[PDB]
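Per-entry structural report
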Amino acid sequence: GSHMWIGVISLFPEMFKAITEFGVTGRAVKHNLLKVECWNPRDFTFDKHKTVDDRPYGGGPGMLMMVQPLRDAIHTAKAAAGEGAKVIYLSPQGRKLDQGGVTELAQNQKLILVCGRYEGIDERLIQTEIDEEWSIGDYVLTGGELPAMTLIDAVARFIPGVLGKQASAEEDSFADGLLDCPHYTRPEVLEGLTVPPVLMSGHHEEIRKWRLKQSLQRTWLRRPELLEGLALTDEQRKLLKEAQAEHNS
Amino acid sequence: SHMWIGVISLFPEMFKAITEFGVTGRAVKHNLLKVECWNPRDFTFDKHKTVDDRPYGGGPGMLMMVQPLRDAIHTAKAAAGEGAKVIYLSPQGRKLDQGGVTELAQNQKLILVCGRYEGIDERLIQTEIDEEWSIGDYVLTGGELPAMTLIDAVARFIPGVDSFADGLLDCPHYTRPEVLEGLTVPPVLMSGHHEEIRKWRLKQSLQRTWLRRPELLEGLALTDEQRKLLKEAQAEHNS
RNA sequence: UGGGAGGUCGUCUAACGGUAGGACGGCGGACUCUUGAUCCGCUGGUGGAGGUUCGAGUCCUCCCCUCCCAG
Ligand SMILES: Nc1ncnc2c1ncn2[C@@H]1O[C@H](C[C@@H](N)CC[C@H](N)C(=O)O)[C@@H](O)[C@H]1O
Ligand SMILES: Nc1ncnc2c1ncn2[C@@H]1O[C@H](C[C@@H](N)CC[C@H](N)C(=O)O)[C@@H](O)[C@H]1O
């Protein structure tokens, strides 16, 4: 079957239950499609006080993570993963994640994700132990665990069998480089807003064209830059032109 | 002054990841942050506690059921009282950045709706949501991680607890030992002269922002000092 | 509203001139789930008149509606 192994270095491994025990990802773990193993630098501290942070040279802001426990946890994980494992550091200074980046990352059979805490980690550990740096966004969080879980989740949607029997038709934003179209479910009418008749028509071809047209229109209006480097069928061009002409004028 | 966050989620226990650990966890124990959850499942009225439903027009996937979700949001909105903004986590919403974080931070109470499956009914977005927010241009299986990400980012602004502070990437950091794998700490950081260090670190932030994320640089009004240091760094990059 | 072609459940697709079926949809139900998974019932059609024939979705006439070709 399909399997992916993700090694994680984190002071708070229990946080990862958030993805391993719940939802689609929880079932994927429960079906062995996805494996996540964690190592905690705290289990590697020679300190009698199980101390895991150290002071930054130059004084200043907060604390940095202590080098020894963190380095030892990385070497232990790296050794267990064996050969062919790419080591990633979660950091806001890293490559900003997008769907293309998710597909590329999804190209790895094994990954080790290093989650920082405090002011971050010693720059030299990054030079000597890290392969790639990735950011989940231009904002600062208190630790790398949320970013790591985010990365894991995004790639897990790409593991065959995770979403279910023939999930090729499963529609989500960016999946095909376009934003998703709007969705509707029961009731037929509530809060005075009805459902577009075409979705109730049972007319298959029109529903397909409506959905595609909605997706093009929404992408155009909210995120056109996605539109700048896209490959499209004649049908998509036509459908988009209809949409731009109609919202406009 | 503290922050209150309402959350609508089918998996409220996921939020322990932020309420029981690290800085945000400490914030919770000291009552500097409250995170209350409502689960649409507690609002169902059927034998199987159904919280999803099929989308009209057929095809694969499910959407969240309108009624339980709606009822939960109205209940949370009711508990929050006046002034609570309802935010829906979605990849089609406004992309979070440090500015968006500061604006969200102004709000005293927020309610966060976490989607699952293929999403939520469009009419709920039109009728119950004030603003839509995305954590990035990629797709997740649920809104819980994005909700926690947002909560974590804004919590940093809660009294009693910088990179992006000035629009720049952070500078590199070092701690003991002085030599690690043949790599020594830059002498300036050990010189003990606060002024030389400040200028060195600032020069590093400027250089790094330029090299990794030059676009961040376009929107800024650098001080005379910053312009000089960046100019120096660009000259060193390829002299 | 000139010259060709064509009308079957909401849509798609079958039926020798012999009891109109299937898939999807819509409604509803089980799975005993967090099932973005899979099953199971129910609903529903020959556009309309004539006529031929023991019998017509099918063949003939007319009417109507629809697509294609220059309004
Ligand atoms: N946007 C982000 N993407 C990836 N990791 C992040 C992000 N924001 C914070 N982190 C991680 O969580 C912690 C953030 C803080 N320790 C501050 C980090 C520090 N500003 C730095 O330059 O790395 C670090 O471990 C970061 O790696
Ligand atoms: N980029 C994102 N930012 C914030 N929330 C997200 C993001 N991606 C997915 N989600 C959450 O994940 C839930 C389930 C998603 N599969 C829904 C995606 C939806 N079909 C769309 O493409 O717009 C969504 O309802 C959101 O709550």
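Residues numbered from 1 in each chain as written, not as in the entry; some residues may be left out. Chains lettered and ligands numbered in written order. Heavy atoms only, no water.

Its PDB record attributes the structure to X-ray crystallography, giving the resolution as 2.90 Å.

Some details on the protein's contact with RNA strand C
Taken together, 33 residues form the shell around RNA strand C, and within it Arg27(A), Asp172(A), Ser201(A), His204(A) and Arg41(B) come nearest. Considering RNA strand C, the proportion of its atoms within 4 Å of the protein that are sugar or phosphate atoms stands at 65%. Within the backbone of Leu163(A), one N or O atom sits 2.9 Å away from a sugar or linking oxygen of RNA strand C. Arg54(B) places a side-chain nitrogen or oxygen 3.3 Å from a phosphate oxygen of RNA strand C. Here the element with the most residues in the surface near RNA strand C is helix α2 (residues 23-30) of chain A; it accounts for three residues. When grouped by side-chain class, the residues that make up the surface near RNA strand C number eight nonpolar, eleven polar and 14 charged. (Near = heavy atom within 4 Å. Polar contact = N/O pair within 3.5 Å; in protein donor to acceptor, adjacent residues only side chain to side chain. Helix = DSSP H or I, 4+ residues; strand = E, 2+ residues; numbered from the N terminus. Nonpolar A, V, L, I, M, F, W, Y, C, P; charged D, E, K, R; others polar.)

Points about the domain arrangement of chain A
Residue and element names in this part refer to chain A. Considered domain by domain, chain A is made up of domain 1 (1-166) and domain 2 (167-249). Computed over C-alpha atoms, the centres of domain 1 and domain 2 are 36 Å apart. Listed as interface residues are six residues of domain 1 and, on the opposing side, five residues of domain 2. Carbon and sulfur atoms supply 48% of the area that domain 1 and domain 2 bury against each other, a total of about 470 Å² over both sides. On the domain 1 side of the contact with domain 2, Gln 99, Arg 157 and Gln 166 bury the most area, a combined 74% of that side's loss. Put simply, domain 1 and domain 2 have one salt bridge between them. Note that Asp 172 and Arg 157 form a salt bridge whose closest N and O atoms lie 2.9 Å from each other. For the interface between domain 1 and domain 2, the tally reads two residue pairs in polar contact. When the residues that make up the side of domain 1 that touches domain 2 are grouped by side-chain class, the tally is one nonpolar, three polar and two charged. (Domains from an automatic or database assignment. Contact = heavy atoms within 4.5 Å. Buried area = accessible area lost by both parts, 1.4 Å probe. Salt bridge = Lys/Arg side-chain N within 4 Å of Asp/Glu carboxyl O.)

Thoughts on the sheet that holds strand β6 (residues 109-113) of chain B
Sheet strands pair by backbone hydrogen bonding; their relative direction is either parallel or antiparallel. All names here are of chain B. If you trace the five strands from one edge of the open sheet to the other, you get β2-β1-β6-β5-β7, paired in parallel fashion. Single-partner strands in this sheet number two, and they are β2 (33-38) and β7 (131-134). Neighbouring strand axes in the sheet, compared pairwise and without regard to direction, differ in orientation by 35° on average. Bridge count between strand β5 (residues 85-95) and β6: four bridges; the pairing is parallel. When the bridges of β6 are listed, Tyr 88 appears paired with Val 113. (Pairing = 2+ DSSP bridges. Axes fitted to C-alpha atoms, helices over the stretch in contact; angles between N-to-C directions.)

Here we look at the interface of chain A and chain B
Taken together, the contacts link 76 residues of chain A with 78 residues of chain B. Here chain A meets chain B over a buried area of about 7200 Å², counting both sides, of which 56% is carbon and sulfur. When the buried surface of chain A facing chain B is broken down by residue, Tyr57(A), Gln93(A) and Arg124(A) rank first, second and third, together holding 12% of it. In this assembly, chain A and chain B are joined by nine salt bridges. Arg71(A) is the partner of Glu181(B) in a salt bridge, and the nearest nitrogen-oxygen pair spans 3.8 Å. Its residues assigned to classes, the side of chain A that touches chain B comprises 37 nonpolar, 13 polar and 26 charged.

Description of the site of ligand 1
Of all residues adjacent to ligand 1, which total 24 residues, the nearest are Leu90(A), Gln93(A), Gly116(A), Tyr118(A) and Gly143(A). One finds residues of chains A and B in close proximity to ligand 1. Side-chain polar atom of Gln93(A) to an oxygen atom of ligand 1: 2.5 Å apart, as the coordinates give it. Contact distances for ligand 1 include 3.1 Å between a nitrogen atom and a backbone N or O atom of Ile136(A). Isolated, ligand 1 exposes 540 Å² of accessible area, and the fraction of that covered by the protein chains is 97%. Only β5 (86-96) and β7 (132-135) of chain A provide two or more residues apiece to the shell around ligand 1. Here the shell around ligand 1 gets five residues from one element, more than from any other, and that element is β5(A). Considering only residue class, the shell around ligand 1 consists of ten nonpolar, eleven polar and three charged. (Areas by Shrake-Rupley, 256 points an atom, 1.4 Å probe, with all protein chains shown as cover.)

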